[PDB]
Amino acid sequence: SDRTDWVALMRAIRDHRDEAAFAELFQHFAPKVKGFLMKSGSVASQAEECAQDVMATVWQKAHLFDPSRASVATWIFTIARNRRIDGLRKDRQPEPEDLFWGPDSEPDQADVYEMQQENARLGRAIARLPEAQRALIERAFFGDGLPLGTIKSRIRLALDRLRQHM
């Protein structure tokens, strides 16, 4: 499904301010960002508030998305968690220096294809965990041995490339 080809749609926004593409993304990720934030302990109304904000940011920072280092859902997760957390911050989680490909270039189709592959592998592993290890994971990302090795390795690899270009 090309309407579901998240990576492709992100490039649509990056290069053509393709609003349909954005709608395509929004209709899929917004509700997930909401449900996610609620599992995190937010009230519906405040979740929907953040969801919308996260999606608006997806549009503004569209150029910062690098399909060779993360899936779109991971990037979006990145924007959801970096929101304001009162008892922990004034504005937003301080985040590291922005490393992005300028309009002149883009990561190798291969590096992208692989990044997405290893990611899909992590997804799969995550899904089949017996309900006990799956909770260990959730408790961490909500309040409080996975193949991260492979994913860690690709990013490390993809990151070096980005460096030679700059």
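Start at 1 and count along the sequence shown; that's the residue number.
Student: Going by the record, give me the number of deposited-sequence residues missing between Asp144 and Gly145 as none, 1 to 3, 4 to 9, or 10 or more.
Tutor: 10 or more residues lack coordinates between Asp144 and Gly145.
Student: Using only the Cα atoms and their B-factors as the entry lists them, report which of 83 to 91 and 70 to 78 averages higher.
Tutor: Per the deposited B-factors, the answer is 83 to 91.
Student: When the C-alpha temperature factors are averaged for each of 155 to 163 and 4 to 12, which stretch ends up with the higher value in the entry?
Tutor: Mean B over CA atoms: larger for 155 to 163.
Student: From the list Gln52, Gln116, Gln27, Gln133, select the residue with the highest C-alpha B factor recorded in the entry.
Tutor: Highest C-alpha B-factor among the listed options: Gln133.
Student: Split into thirds by Cα B-factor across the chain's modelled residues, where does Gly35 land: lowest, middle or highest?
Tutor: Its C-alpha B-factor, which the entry lists for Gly35, ranks in the middle third among residues of this chain.
Student: Using the B-factor values recorded in the entry, state whether the Cα atom of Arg121 falls in the lowest, middle or highest third among the modelled residues of its chain.
Tutor: For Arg121, whose C-alpha B-factor we compare with every modelled residue in the chain, the answer is the lowest third.
Student: Test of reading the entry: by CA B factor among the chain's modelled residues, which third contains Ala44?
Tutor: Top third by C-alpha B-factor.
Student: With respect to C-alpha B-factor, does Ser105 fall in the lowest, middle or highest third of the chain as deposited?
Tutor: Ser105: CA B-factor falls in the highest third of its chain.
Student: How does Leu129 rank on Cα B-factor within its chain, lowest, middle or highest third?
Tutor: Its C-alpha B-factor belongs to the highest third of this chain's values.
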